[PDB]
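Each remark here refers to the structure printed beneath this line.
Taken together, the values in this text are just the output of simple stated rules run on the coordinates, not laboratory data. Ideal geometry is used to build each Cβ from the backbone, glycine not excepted, and the neighbour counts take in all protein chains shown.
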Ligand SMILES: [N]S(=O)(=O)[C][C][C]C123[B@@]45[B@@]67[C@@]89[B@]1%10B81%11B698B746B814B562B%10%1143
Ligand SMILES: [Zn+2]
């Protein structure tokens with residue numbers, strides 16, 4: 001079973017998932033001087049006013065908040081996308097210390113954490129079909145730096161003690177993901193992959209330029225989670241990030257000058 005440790009981490013994943021060495025893997029370093037401004041890119045449309053959160057879950061690799069994706073209630077459109085993408089879940093990647101934790105990097109800078117909002121293309125009907133398509137998913141990535149608290153994150157932080165170990169879940173209704181977004185929707189975009197197994201090459205990545213700030217207390221609570229199940233030796237859930245992968249033949253485009 002894959003993980004983030006010495007014997008089962010990112011350098012091992014290609015054995016079970018050979019696409020790990022593919023042509024469009026994620027994350028990548030975003031070299032800001034090389035990314036090209038594309039004036040043909042549209043503003044991103046984020047429509048989360050009718051979002052219906054369901055549950056919060058420790059899945060042994062991260063924690064996730066899951067949404068009702070059975071109707072067009074929380075959707076991503078525009079930007080680099082053709083068509084409509086339904087929000088399924090969000091989750092985070094973070095470090096053992098504030099100088100690492102993000103998956104994407106910016107001019108080799110690592111942020112303390114990275115938020116991923118995962119959406120799937122309604123033209124494929126369900127997420128399982130969407131991951132088999134090159135335009136199946138759109139993941140909105142948001143960097144976290146440590147400073148001032150993010151008020152809209154606190155409701156998440158306060159329930160993490162109830163999902164400490166792998167397999168635990170709780171009710172998590174009425175959570176508004178608009179409270180996790182920065183002011184600007186300026187972004188970089190490129191064609192890539194899931195950053196966890198199965199590493200499928202099905203993602204249009206949209207990475208926001210502006211980070212959100214979270215407090216040291218908020219990120220400390222992330223770091224109290226466990227990779228292990230209850231009853232097994234305690235292993236802190238920290239450093240659950242894949243490093244930057246080769247860009248190969250891809251262009252990163254910027255929505256802004
Ligand atoms: N880190 S990341 O690339 O956002 C990880 C994706 C986590 C998931 B969970 B299940 C598999 B991969 B696809 B489905 B659903 B859909 B979502 B995406
Ligand atoms: Zn992720």
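Residue-by-condition table, conditions (1) under 22 Å from residue 102 (Cα atoms); (2) under 18 Å from the mean Cα position of the chain (by Cα); (3) in contact (Cβ under 8 Å) with a residue 24 or more places away in the chain:
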site: 32; (1), (2), (3): yes, no, yes
site: 35; (1), (2), (3): yes, no, yes
site: 42; (1), (2), (3): no, no, yes
site: 53; (1), (2), (3): no, yes, yes
site: 62; (1), (2), (3): yes, yes, yes
site: 69; (1), (2), (3): no, yes, yes
site: 72; (1), (2), (3): no, no, yes
site: 77; (1), (2), (3): no, yes, yes
site: 80; (1), (2), (3): no, yes, yes
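So in region 104-116, with the set limited to residues that are in a strand (DSSP E or B) and within 16 Å of residue 94 (Cβ to Cβ), which one is farthest from ligand 1 (Cβ to nearest atom)?
The selected residue is 109.
Taking the criterion of being part of a strand (DSSP E or B) and surrounded by 16 or more Cβ atoms within 10 Å (Cβ to Cβ), the residues of region 48-74 that qualify are 53, 54, 56, 57, 58, 63, 64, 65, 66, 67.
Taking the numbered list (1) within 21 Å of residue 206 (Cα to Cα); (2) more than 16 Å from ligand 1 (Cβ to nearest atom); (3) touching a strand residue (DSSP E or B) at 6+ places or on another chain (Cβ under 7 Å); (4) part of a loop (DSSP other than H, G, I, E, B) in turn, residue 77 passes all entries but (4). Only residues that are touching a residue at least 24 places away in the same chain (Cβ under 8 Å), touching a helix residue (DSSP H, G or I) at 6+ places or on another chain (Cβ under 9 Å) and under 21 Å from residue 50 (Cβ atoms) were counted in region 154-173, giving 2.
So that you can scan it fast, the table gives a plain yes or no per residue for (1) in contact (Cβ under 8 Å) with a residue 60 or more places away in the chain; (2) surrounded by fewer than 18 Cβ atoms within 10 Å (Cβ to Cβ); (3) farther than 26 Å from residue 238 by Cβ:
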site	(1), (2), (3)
9	no, yes, no
15	no, yes, no
19	yes, yes, yes
24	yes, no, yes
97	no, yes, no
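Note on region 174-203: residues that are more than 16 Å from ligand 1 (Cβ to nearest atom) and under 14 Å from residue 90 (Cα atoms) total 5. Suppose we keep only residues that are near ligand 1 (Cβ under 10 Å from one of its atoms) and not in a strand (DSSP E or B) within region 117-141. Which one would you say is surrounded by the fewest Cβ atoms within 10 Å (Cβ to Cβ)? So, considering only residues that are near ligand 1 (Cβ under 10 Å from one of its atoms) and not in a strand (DSSP E or B), the one surrounded by the fewest Cβ atoms within 10 Å (Cβ to Cβ) is 128.
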